[PDB]
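Enquirer: Here you go, one structure.
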Amino acid sequence: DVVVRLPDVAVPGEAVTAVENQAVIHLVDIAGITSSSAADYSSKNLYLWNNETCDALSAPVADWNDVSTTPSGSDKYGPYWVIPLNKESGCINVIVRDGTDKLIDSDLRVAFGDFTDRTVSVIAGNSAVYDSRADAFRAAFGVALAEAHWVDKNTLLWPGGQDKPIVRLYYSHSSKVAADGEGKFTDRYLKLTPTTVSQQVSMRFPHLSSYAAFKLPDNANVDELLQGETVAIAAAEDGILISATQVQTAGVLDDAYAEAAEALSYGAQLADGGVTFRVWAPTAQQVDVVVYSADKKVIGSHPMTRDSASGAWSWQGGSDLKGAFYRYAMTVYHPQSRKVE
Amino acid sequence: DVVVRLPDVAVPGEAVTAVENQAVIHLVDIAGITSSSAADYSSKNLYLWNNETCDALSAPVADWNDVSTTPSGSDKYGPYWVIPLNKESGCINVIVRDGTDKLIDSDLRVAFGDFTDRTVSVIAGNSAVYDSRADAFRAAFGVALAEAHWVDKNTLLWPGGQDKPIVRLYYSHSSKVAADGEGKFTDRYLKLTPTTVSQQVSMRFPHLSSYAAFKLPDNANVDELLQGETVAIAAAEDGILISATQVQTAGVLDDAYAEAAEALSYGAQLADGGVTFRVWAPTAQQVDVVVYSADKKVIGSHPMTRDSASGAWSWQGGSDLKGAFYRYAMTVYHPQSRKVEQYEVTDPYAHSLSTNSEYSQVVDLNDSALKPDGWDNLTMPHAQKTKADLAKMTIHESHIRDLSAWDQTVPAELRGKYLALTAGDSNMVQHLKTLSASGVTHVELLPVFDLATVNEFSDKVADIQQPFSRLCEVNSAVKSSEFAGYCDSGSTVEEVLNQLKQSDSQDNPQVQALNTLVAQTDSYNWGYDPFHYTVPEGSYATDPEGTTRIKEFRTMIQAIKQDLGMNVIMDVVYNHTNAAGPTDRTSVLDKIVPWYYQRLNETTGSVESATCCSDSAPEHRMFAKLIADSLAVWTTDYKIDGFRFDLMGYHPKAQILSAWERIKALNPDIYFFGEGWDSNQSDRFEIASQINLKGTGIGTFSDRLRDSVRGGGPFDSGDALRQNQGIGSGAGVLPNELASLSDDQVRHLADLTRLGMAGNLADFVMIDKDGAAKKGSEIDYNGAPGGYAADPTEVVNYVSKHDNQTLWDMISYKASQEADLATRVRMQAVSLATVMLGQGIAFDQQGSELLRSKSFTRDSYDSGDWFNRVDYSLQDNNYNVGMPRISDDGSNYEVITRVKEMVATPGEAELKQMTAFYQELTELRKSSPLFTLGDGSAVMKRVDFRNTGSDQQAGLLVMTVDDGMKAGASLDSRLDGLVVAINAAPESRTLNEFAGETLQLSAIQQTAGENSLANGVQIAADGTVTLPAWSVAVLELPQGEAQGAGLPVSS
Ligand SMILES: [Ca+2]
Ligand SMILES: [Ca+2]
Ligand SMILES: [Ca+2]
Ligand SMILES: [Ca+2]
């Protein structure tokens, strides 16, 4: 079975080091590194300008129509601009363009107190600034956006994986799905097969009905998959990565747990027989009730019991707890940070 | 399933009228009007700014982050901004935004001389400016532009349909897709689903890779869809139309039919067993062959058989059809007119035509009847097998009228004809005969394929040779002009023109005023206006009706190769067609397969005009096939030795190489070269440019040496034409009153010249203007690498060509008042020596040997017999014969007057002196294999220069070529080495570099004597050389019965 791997291109090493009273911005050309023939970087230009916030620039062109700020050089990886500075402190305003059109959506602000080397790298439509061409390249041939949708136990909707020869659902419980030192996707995966959007699904998510449907294997352990990270991967017949995206799982959470979860009571339910603590957290790796004094000192930490049908966690304590302070101590993967928080 | 419908909203009426010293821009909010809810226009702002072009703004915010320029008000239709002005004249720079994001892709430029009211309207992502909110709204809620791209059977690319809830492909076979009386889109459609751009697609169309991809249904009948109209529609969840656009289908046509279509033969293929008619028309609803008599009466109308795999239509008839006239009667939807057009079109694969290319003719080019005697056994007089064979190439770029229009020794009926080359006893023929004998190897013919720009009907044309009365009969305009009085005179147009010279001045440009009118009804055009690619031009024939042209053209080829002993280069124009659209008489390709053969704008679908005219698409499979098949015919049926591609940069490098490999199977020694300038098509494909063609074998014209020797560059106008002197105008050495060129500026031109003389190689190491050792690619040429080639055979050096000022005219503009007629004649020769004695391929304009002048005409394409005159009777160089065309040279009249009278006009003596010099230089070029090394590695191992560095003497060009033992093999059995010395300075110079070297002046130059360019060159027994002013010397190192050490290169 084919291994998903990065394009056979070595990781870049800056090519140009930023010297005193001058900064260097690298454009990591994805279309340029995907090779065949040499690229014309004439059309590429930076609209550079001084403002109340970022004023460290030295002689920035006023004219927006001025495409004259062409690359100070290039190579396989893409062009670069050696920008002259006024002061080695502060920041600069860079708008990366191909003619009179923005390549990066957001107006970049290069804070020299964030990138000590002044050698920085950017990718088209990325908005992010990298300290290295390497860090950028890895990001370019990796997991970006949250294009895929796990809408039910069996179905994953993704337009990016449409007509692609290799479509997989990679997963990692305690780490991020990434490429190793060899640029291979070694993390466990599941093979996805093209299917058609269910009648039930189309109803639920009319805004996704047009999206490309994929059937998950029957052996798939839905529950343990939702314990951590999942990433939808599209690759060539040979295994060269086309796309890697994060997965939106609310649909499957409703399909797998909501029926059972809906039939339970939530909060710190103080009734006759004591107090039942219940929190719905179907993805949480661990949940504990932390009980505090009035002085907010820990009086008890109790790991909760998970109900598999619902993904709800509970813990029963005495009626003595009436008035006690508490919080739930979570252990959960957050897709915004890509970490187990 | 949702019905797409119009919004129930009345057409808007501006709401705000622009008053004095203030403009008003309306944003027509589509999302705002499709919504019954109120909109927050806070986020909306204009980035307004003053520049050298549009400066009429009053107080524009500098900060790009400044979103403070919010709307000056709003309503249902959208917001508006009341912009304060400085002046009611000029223009303003508006960037319409929603935060710090451009709403309109292009930077708007509001010209107040285009919109009188200053009340203007714009739509998001539209780029267009409307005079009214109404005009905008109509455009917004209509099928508008050609934004969508059907790139393959399954894929439709459209940014307008991105993130939209409803995306559909509406279609109509016999009608336009529109909204009914209820405002509904009732026409059949297909549902499109979001997908990603295929790897295969991204390769093919890199310029669309960023565009939003949509998958077509699997039930889609691609074939029947391409039978008529298709429209891409984007709508709301409720079905209110957001956008409706036309579809560009060339991509799918290549994907669905090109594989099969590529494997067929096109035209009226007359072979054994009859004649097969085949036309590719994959969208045509119907195609019929209409067969005509000689009187052009219909003899038969035969509906053709469509092959579904290819979209090609065919019809087989008897061999009786040999010579019959025909056209294809089309029934096809044209997206420009949005209608199913019905017209009769000529064959794009026509090989013979009627007068003025009205009808195609069935022909057999292999017929003895169409061949001059012994055509079948005609061979190439000059070899082209090796790089060394190629390097010997010495081109003379000629034009059919330019050659024989004025030569009296050519029988009248043959003047301006192919047959003129047969006039063995003419001044022109005998001149070429002597040039050939002295070393001119190739004849380049300016357009001889079927041009559109000359009426082939004798009686709808009048030339200067004929009475003025004829001019008025043909030209309606002349009867109502400042020359109307001459219609009564019994004098010729030639006569009247010489009369106008007498009072011609910059303030009274009467010579050119009449010429402009003559030029509309003349027989004179360069011909860079293709009608049919694979038929000779008929106006250069004695009779343009039928096959006569084929035998005549061939007769000219035989004369050039056998009687003049020179190879033939045909100038080719595949970059454009003369016209497109369903109406133009000269549109052939665009009438048959609309929107296929032409390069269209990505948004509007308008045929691009980057080349001038109607940009063709060599990137599309069938047009690439057309080009190759065309070149095959000129190769074997016409026996052409080489091809020069007009604006070759507009072609994909892959296409040029493909055609080249294909043609090589018919003639392995075929040469391809062209103008490989940047075309700006790199967004679309790897262009066939000077840079991109390094090591391919395809040659390109080098502008590096050209500009260094000539002075300045093209686009120079006004005093710059005098200020920008060259090495050959005396830049630095003998400056003119207007010159301000620095010593380093002058030294840099020497650097570029030297590099050029050594075949403009990217890897050739030399000592620069500062004394640094630099590779050819490291020497700058206006931001570009100077050197670019792998071998000198990939470079064509020149100092004159049909386009731009003649060499003489440039010297007249650039030479110091001090430079007398005698020194300027030598200045021409000196300029030419850099080309003639350099490793690269020598190219030159016909007439340079006769100090040719166009009396300062820059773009002589339609300046007729008058300005483009070449006097083969040698009385004058056609200098000062009137003020050139106002339209293109008016801006240079003041400069012309300043220089025009500075020196005398050449006469029989000067022209004879220049011819002698020219013959000298070519003889020299053919005098040693050392001048034409061919291989880049040979150049680097043998070629080096002296008088280099920071301390260099200006105007002295010294080149050394090794044949010594350290170079390798003895190439010249007589020589050990070579020295080329060019003293482009008014002061005589000295050469002590070859200290004690035993040198001798070329026998070629010694024979010449007082008429030599080396006349006065001293070679002291002690190896010291004294070079007179404005002189060129070939100093040779004789070999002594064994290869000694010669002139070894250093570093
Ligand atoms: Ca013609
Ligand atoms: Ca004309
Ligand atoms: Ca373009
Ligand atoms: Ca020798």
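Just remember, in the structure tokens the first chain shown is A, the second B, etc., residues are 1-based per chain, and ligands are 1-based in the order shown.
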Distance limit 8 Å, reference ligand 1, atoms considered: only C-alpha atoms and all ligand atoms. Which residues make the cut? Give them as a ChimeraX atom specification.
Expert: /B:355-357,449-456,531,536-539
Enquirer: Which residues of chain A sit at most 8 Å from chain B, using only C-alpha atoms? Give each one's shortest atom pair and distance in Å (one decimal place), in chain and ascending residue order, as a Markdown table.
Expert:
| residue | atom | partner | partner_atom | distance |
| --- | --- | --- | --- | --- |
| A:37 | CA | B:686 | CA | 7.2 |
| A:38 | CA | B:686 | CA | 8.0 |
| A:40 | CA | B:682 | CA | 6.7 |
| A:51 | CA | B:63 | CA | 6.6 |
| A:63 | CA | B:51 | CA | 6.3 |
| A:65 | CA | B:107 | CA | 7.9 |
| A:100 | CA | B:106 | CA | 7.2 |
| A:101 | CA | B:105 | CA | 7.0 |
| A:105 | CA | B:101 | CA | 7.3 |
| A:106 | CA | B:100 | CA | 7.6 |
| A:107 | CA | B:100 | CA | 7.7 |
| A:159 | CA | B:195 | CA | 5.3 |
| A:160 | CA | B:196 | CA | 5.8 |
| A:161 | CA | B:196 | CA | 7.9 |
| A:162 | CA | B:195 | CA | 6.0 |
| A:207 | CA | B:165 | CA | 7.5 |
| A:210 | CA | B:193 | CA | 5.4 |
| A:211 | CA | B:194 | CA | 6.6 |
| A:212 | CA | B:195 | CA | 7.9 |
Enquirer: Could you turn the residues from that selection into a file that holds N, CA and C atoms, as a PDB file, in the first residue's frame?
Expert:
ATOM      1  N   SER A  37       9.684  23.786 -15.934  1.00  0.00           N
ATOM      2  CA  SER A  37      10.443  24.812 -16.619  1.00  0.00           C
ATOM      3  C   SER A  37      10.724  25.975 -15.695  1.00  0.00           C
ATOM      4  N   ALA A  38      11.650  26.874 -16.099  1.00  0.00           N
ATOM      5  CA  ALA A  38      12.038  28.073 -15.340  1.00  0.00           C
ATOM      6  C   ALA A  38      10.905  29.100 -15.290  1.00  0.00           C
ATOM      7  N   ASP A  40       9.265  33.122 -14.645  1.00  0.00           N
ATOM      8  CA  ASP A  40       9.449  34.546 -14.878  1.00  0.00           C
ATOM      9  C   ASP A  40       8.872  35.301 -13.688  1.00  0.00           C
ATOM     10  N   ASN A  51       4.176  54.005   7.538  1.00  0.00           N
ATOM     11  CA  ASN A  51       3.026  54.505   8.302  1.00  0.00           C
ATOM     12  C   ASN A  51       3.348  54.656   9.796  1.00  0.00           C
ATOM     13  N   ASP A  63       3.708  55.430  -5.466  1.00  0.00           N
ATOM     14  CA  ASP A  63       2.830  54.948  -6.537  1.00  0.00           C
ATOM     15  C   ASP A  63       2.441  53.475  -6.326  1.00  0.00           C
ATOM     16  N   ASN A  65       0.591  51.927  -8.572  1.00  0.00           N
ATOM     17  CA  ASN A  65       0.771  51.426  -9.939  1.00  0.00           C
ATOM     18  C   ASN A  65       2.232  51.061 -10.222  1.00  0.00           C
ATOM     19  N   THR A 100      -0.625  44.376 -10.063  1.00  0.00           N
ATOM     20  CA  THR A 100      -1.296  45.259  -9.110  1.00  0.00           C
ATOM     21  C   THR A 100      -2.379  44.479  -8.354  1.00  0.00           C
ATOM     22  N   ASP A 101      -2.050  43.208  -8.017  1.00  0.00           N
ATOM     23  CA  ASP A 101      -2.916  42.252  -7.329  1.00  0.00           C
ATOM     24  C   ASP A 101      -2.198  41.599  -6.136  1.00  0.00           C
ATOM     25  N   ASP A 105      -3.498  37.907   1.119  1.00  0.00           N
ATOM     26  CA  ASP A 105      -4.775  38.550   1.482  1.00  0.00           C
ATOM     27  C   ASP A 105      -4.629  39.708   2.490  1.00  0.00           C
ATOM     28  N   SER A 106      -3.967  39.433   3.629  1.00  0.00           N
ATOM     29  CA  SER A 106      -3.700  40.384   4.704  1.00  0.00           C
ATOM     30  C   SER A 106      -2.446  41.230   4.426  1.00  0.00           C
ATOM     31  N   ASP A 107      -2.444  42.478   4.947  1.00  0.00           N
ATOM     32  CA  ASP A 107      -1.299  43.379   4.863  1.00  0.00           C
ATOM     33  C   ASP A 107      -0.289  42.861   5.895  1.00  0.00           C
ATOM     34  N   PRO A 159     -14.688  18.493  -0.976  1.00  0.00           N
ATOM     35  CA  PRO A 159     -14.525  18.795  -2.416  1.00  0.00           C
ATOM     36  C   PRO A 159     -13.061  18.625  -2.915  1.00  0.00           C
ATOM     37  N   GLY A 160     -12.095  18.852  -2.022  1.00  0.00           N
ATOM     38  CA  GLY A 160     -10.679  18.735  -2.338  1.00  0.00           C
ATOM     39  C   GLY A 160     -10.214  17.348  -2.737  1.00  0.00           C
ATOM     40  N   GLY A 161     -10.908  16.331  -2.260  1.00  0.00           N
ATOM     41  CA  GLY A 161     -10.575  14.944  -2.543  1.00  0.00           C
ATOM     42  C   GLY A 161     -11.329  14.379  -3.722  1.00  0.00           C
ATOM     43  N   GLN A 162     -12.134  15.221  -4.398  1.00  0.00           N
ATOM     44  CA  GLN A 162     -12.941  14.833  -5.564  1.00  0.00           C
ATOM     45  C   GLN A 162     -12.037  14.424  -6.737  1.00  0.00           C
ATOM     46  N   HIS A 207     -26.189  23.119   2.887  1.00  0.00           N
ATOM     47  CA  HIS A 207     -25.051  23.910   2.431  1.00  0.00           C
ATOM     48  C   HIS A 207     -23.824  23.040   2.017  1.00  0.00           C
ATOM     49  N   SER A 210     -23.616  19.545  -2.207  1.00  0.00           N
ATOM     50  CA  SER A 210     -22.845  19.540  -3.450  1.00  0.00           C
ATOM     51  C   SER A 210     -21.427  18.974  -3.251  1.00  0.00           C
ATOM     52  N   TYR A 211     -20.917  18.975  -1.999  1.00  0.00           N
ATOM     53  CA  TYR A 211     -19.585  18.467  -1.626  1.00  0.00           C
ATOM     54  C   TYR A 211     -19.405  16.966  -1.934  1.00  0.00           C
ATOM     55  N   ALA A 212     -18.173  16.588  -2.364  1.00  0.00           N
ATOM     56  CA  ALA A 212     -17.782  15.222  -2.705  1.00  0.00           C
ATOM     57  C   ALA A 212     -17.848  14.301  -1.483  1.00  0.00           C
TER      58      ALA A 212
END
Enquirer: Counting only C-alpha atoms, what is within 12 Å of residue 10 of chain B, bar same-chain residues fewer than 3 positions away, as an MDAnalysis selection string?
Expert: chainID B and resid 6:7 13 33:34 76:77 133:134 137:138 141
Enquirer: For atom CA of residue 199 of chain A and atom CA of residue 149 of chain A, quote the distance in Å rounded to one decimal.
Expert: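 According to the coordinates, atom CA of residue 199 of chain A and atom CA of residue 149 of chain A are separated by 16.2 Å.
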Enquirer: Could you list, as a PDB file with N, CA and C atoms, in the first residue's frame, all the residues within 8 Å of ligand 3, counting only C-alpha atoms and all ligand atoms?
Expert:
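Here's the written file selection_27.pdb:
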ATOM      1  N   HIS B 207      -2.375  29.936 -16.288  1.00  0.00           N
ATOM      2  CA  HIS B 207      -3.022  31.228 -16.058  1.00  0.00           C
ATOM      3  C   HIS B 207      -4.442  31.109 -15.478  1.00  0.00           C
ATOM      4  N   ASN B 601      -9.086  37.243 -24.198  1.00  0.00           N
ATOM      5  CA  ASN B 601      -8.932  37.786 -22.854  1.00  0.00           C
ATOM      6  C   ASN B 601      -9.735  36.899 -21.881  1.00  0.00           C
ATOM      7  N   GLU B 602      -9.096  36.483 -20.780  1.00  0.00           N
ATOM      8  CA  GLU B 602      -9.590  35.587 -19.723  1.00  0.00           C
ATOM      9  C   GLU B 602     -10.953  35.943 -19.110  1.00  0.00           C
ATOM     10  N   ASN B 680       5.003  38.674 -23.029  1.00  0.00           N
ATOM     11  CA  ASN B 680       4.189  38.732 -21.829  1.00  0.00           C
ATOM     12  C   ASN B 680       3.209  37.601 -21.784  1.00  0.00           C
ATOM     13  N   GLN B 681       3.555  36.415 -22.346  1.00  0.00           N
ATOM     14  CA  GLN B 681       2.649  35.258 -22.314  1.00  0.00           C
ATOM     15  C   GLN B 681       3.114  34.161 -21.370  1.00  0.00           C
ATOM     16  N   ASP B 683       2.605  33.779 -18.323  1.00  0.00           N
ATOM     17  CA  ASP B 683       1.532  33.386 -17.424  1.00  0.00           C
ATOM     18  C   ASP B 683       0.822  32.177 -18.000  1.00  0.00           C
ATOM     19  N   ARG B 684       0.832  32.044 -19.359  1.00  0.00           N
ATOM     20  CA  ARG B 684       0.143  31.005 -20.126  1.00  0.00           C
ATOM     21  C   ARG B 684       0.961  29.794 -20.504  1.00  0.00           C
TER      22      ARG B 684
END
Enquirer: Please identify every polymer residue within 7 Å of ligand 2, using only C-alpha atoms and all ligand atoms, and present the set as a count of residues only.
Expert: 10
Enquirer: So which residues are near ligand 4, meaning at most 10 Å away with only C-alpha atoms and all ligand atoms counted, given back as a VMD selection string?
Expert: chain B and resid 930 962 to 965 967 to 978 1037 to 1046
Enquirer: Any chance you could export the current selection's C-alpha atoms as a PDB file, in the first residue's frame?
Expert:
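Below is the file out.pdb, written as the result:
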ATOM      1  CA  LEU B 930      37.781  31.005 -38.081  1.00  0.00           C
ATOM      2  CA  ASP B 962      43.081  31.221 -32.334  1.00  0.00           C
ATOM      3  CA  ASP B 963      44.001  28.401 -34.736  1.00  0.00           C
ATOM      4  CA  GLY B 964      47.134  27.675 -32.665  1.00  0.00           C
ATOM      5  CA  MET B 965      48.055  24.397 -30.971  1.00  0.00           C
ATOM      6  CA  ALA B 967      43.004  25.762 -29.299  1.00  0.00           C
ATOM      7  CA  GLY B 968      43.012  22.215 -30.733  1.00  0.00           C
ATOM      8  CA  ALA B 969      42.902  21.352 -34.442  1.00  0.00           C
ATOM      9  CA  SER B 970      44.110  23.514 -37.311  1.00  0.00           C
ATOM     10  CA  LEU B 971      40.836  24.751 -38.831  1.00  0.00           C
ATOM     11  CA  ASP B 972      42.453  27.003 -41.524  1.00  0.00           C
ATOM     12  CA  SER B 973      45.367  25.257 -43.311  1.00  0.00           C
ATOM     13  CA  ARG B 974      46.750  28.648 -44.371  1.00  0.00           C
ATOM     14  CA  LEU B 975      46.375  30.533 -40.977  1.00  0.00           C
ATOM     15  CA  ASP B 976      47.518  30.126 -37.319  1.00  0.00           C
ATOM     16  CA  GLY B 977      45.170  32.895 -36.127  1.00  0.00           C
ATOM     17  CA  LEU B 978      43.094  36.006 -36.947  1.00  0.00           C
ATOM     18  CA  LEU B1037      48.744  35.158 -38.758  1.00  0.00           C
ATOM     19  CA  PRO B1038      50.166  32.898 -41.566  1.00  0.00           C
ATOM     20  CA  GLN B1039      50.840  29.250 -40.728  1.00  0.00           C
ATOM     21  CA  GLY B1040      54.215  27.755 -41.543  1.00  0.00           C
ATOM     22  CA  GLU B1041      53.847  24.074 -42.810  1.00  0.00           C
ATOM     23  CA  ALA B1042      53.049  23.167 -39.150  1.00  0.00           C
ATOM     24  CA  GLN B1043      50.457  24.463 -36.628  1.00  0.00           C
ATOM     25  CA  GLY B1044      52.382  26.752 -34.297  1.00  0.00           C
ATOM     26  CA  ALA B1045      51.158  28.568 -31.187  1.00  0.00           C
ATOM     27  CA  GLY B1046      48.838  31.281 -32.433  1.00  0.00           C
TER      28      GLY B1046
END
Enquirer: So, counting only C-alpha atoms, which residue among B:718, B:642, B:776, B:699 is closest to residue 571 of chain B?
Expert: B:642
Enquirer: Which residues come within 8 Å of segment 132-141 of chain A, counting only C-alpha atoms, excluding same-chain residues fewer than 5 positions away, as a compact mmCIF listing (two decimals) with N, CA, C and O atoms, in the first residue's frame?
Expert:
# COMPACT_ATOMS: atom_id res chain seq x y z
N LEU A 6 5.98 13.90 0.48
CA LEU A 6 6.18 15.26 -0.03
C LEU A 6 6.86 15.23 -1.42
O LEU A 6 7.49 14.22 -1.72
N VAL A 11 14.65 20.30 1.09
CA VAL A 11 14.13 21.45 1.83
C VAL A 11 15.07 22.65 1.65
O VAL A 11 16.28 22.50 1.76
N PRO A 12 14.52 23.83 1.28
CA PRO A 12 15.38 25.01 1.04
C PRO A 12 16.08 25.59 2.26
O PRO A 12 15.58 25.48 3.39
N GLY A 13 17.20 26.26 2.00
CA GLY A 13 18.03 26.86 3.04
C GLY A 13 18.33 28.34 2.92
O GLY A 13 19.49 28.75 3.03
N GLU A 14 17.26 29.16 2.74
CA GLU A 14 17.30 30.63 2.67
C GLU A 14 17.89 31.22 1.40
O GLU A 14 17.28 32.11 0.81
N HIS A 26 11.42 36.23 1.44
CA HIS A 26 11.43 35.16 0.44
C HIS A 26 10.01 34.79 0.05
O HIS A 26 9.16 34.56 0.92
N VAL A 28 8.03 31.84 -1.26
CA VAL A 28 8.18 30.42 -1.51
C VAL A 28 7.14 30.06 -2.58
O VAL A 28 5.93 30.03 -2.32
N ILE A 30 5.27 27.82 -4.78
CA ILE A 30 4.78 26.44 -4.80
C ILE A 30 4.71 25.97 -6.25
O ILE A 30 5.30 24.94 -6.57
N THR A 119 15.64 37.76 8.10
CA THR A 119 15.46 36.83 6.99
C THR A 119 14.13 36.10 7.28
O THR A 119 14.03 35.33 8.24
N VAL A 120 13.11 36.44 6.50
CA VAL A 120 11.74 35.99 6.63
C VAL A 120 11.25 35.36 5.32
O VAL A 120 11.79 35.66 4.26
N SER A 121 10.24 34.47 5.41
CA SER A 121 9.66 33.79 4.24
C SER A 121 8.13 33.79 4.27
O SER A 121 7.53 33.65 5.35
N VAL A 122 7.49 33.96 3.10
CA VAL A 122 6.02 33.97 2.96
C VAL A 122 5.55 33.13 1.74
O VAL A 122 6.30 32.98 0.77
N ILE A 123 4.33 32.56 1.83
CA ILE A 123 3.71 31.76 0.75
C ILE A 123 2.45 32.51 0.30
O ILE A 123 1.79 33.12 1.14
N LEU A 241 1.61 14.09 -2.20
CA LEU A 241 0.58 14.88 -1.56
C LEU A 241 0.09 15.98 -2.46
O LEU A 241 0.90 16.75 -3.02
N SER A 243 -3.19 17.57 -1.33
CA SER A 243 -3.84 18.32 -0.26
C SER A 243 -3.92 17.55 1.06
O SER A 243 -4.11 16.33 1.07
Enquirer: Excluding residue 111 of chain A and residues on its chain fewer than 5 positions from it, collect all residues at most 8 Å away from it, counting only C-alpha atoms, and give them as a count of residues only.
Expert: 3
Enquirer: Within 12 Å of residue 658 of chain B, counting only C-alpha atoms, which residues qualify if same-chain residues fewer than 2 places away don't, as a PyMOL selection string?
Expert: chain B and resi 618-619+621+624-625+627-629+631+651-656+660-665+672+688+696+698
Enquirer: Any idea what the distance is between atom CA of residue 822 of chain B and atom CA of residue 902 of chain B?
Expert: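 Atom-to-atom, atom CA of residue 822 of chain B to atom CA of residue 902 of chain B, that is 13.1 Å.
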Enquirer: Within 7 Å of residue 289 of chain B, counting only C-alpha atoms, which residues qualify if same-chain residues fewer than 5 places away don't, as JSON, numbers by chain?
Expert: {"B": [301, 302, 303, 304, 326, 327, 328, 329]}
Enquirer: For the structure I just gave you, how does DSSP split segment 125-157 of chain A - specifically, which residues are strand (DSSP E)? Reply as a ChimeraX atom specification.
Expert: /A:148-150,155-157
Enquirer: With C-alpha atoms kept, could you save the residues just selected as a PDB file, in the first residue's frame?
Expert:
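Output file selection.pdb is given in full below:
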ATOM      1  CA  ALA A 148     -13.287  18.293   5.161  1.00  0.00           C
ATOM      2  CA  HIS A 149     -16.526  17.473   7.062  1.00  0.00           C
ATOM      3  CA  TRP A 150     -17.178  14.304   9.064  1.00  0.00           C
ATOM      4  CA  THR A 155     -19.465   9.874   5.668  1.00  0.00           C
ATOM      5  CA  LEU A 156     -16.710  12.430   5.113  1.00  0.00           C
ATOM      6  CA  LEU A 157     -17.504  15.367   2.761  1.00  0.00           C
TER       7      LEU A 157
END
Enquirer: Looking at A:176, A:184, A:204, A:302, which one is nearest to residue 230 of chain A, with distances taken over only C-alpha atoms?
Expert: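 Under the stated criterion, the closest residue is A:176.
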Enquirer: What parts of segment 775-947 of chain B does DSSP call alpha helix (DSSP H)? I'd like the answer as a VMD selection string.
Expert: chain B and resid 807 to 814 821 to 836 864 to 867 886 to 889 893 to 900 908 to 925 936 to 942
Enquirer: Interatomic distance between atom CA of residue 580 of chain B and atom CA of residue 348 of chain B?
Expert: 13.0 Å
Enquirer: Could you tell me which of A:326, A:333, A:170, A:81 comes closest to residue 23 of chain A if we count only C-alpha atoms?
Expert: A:81
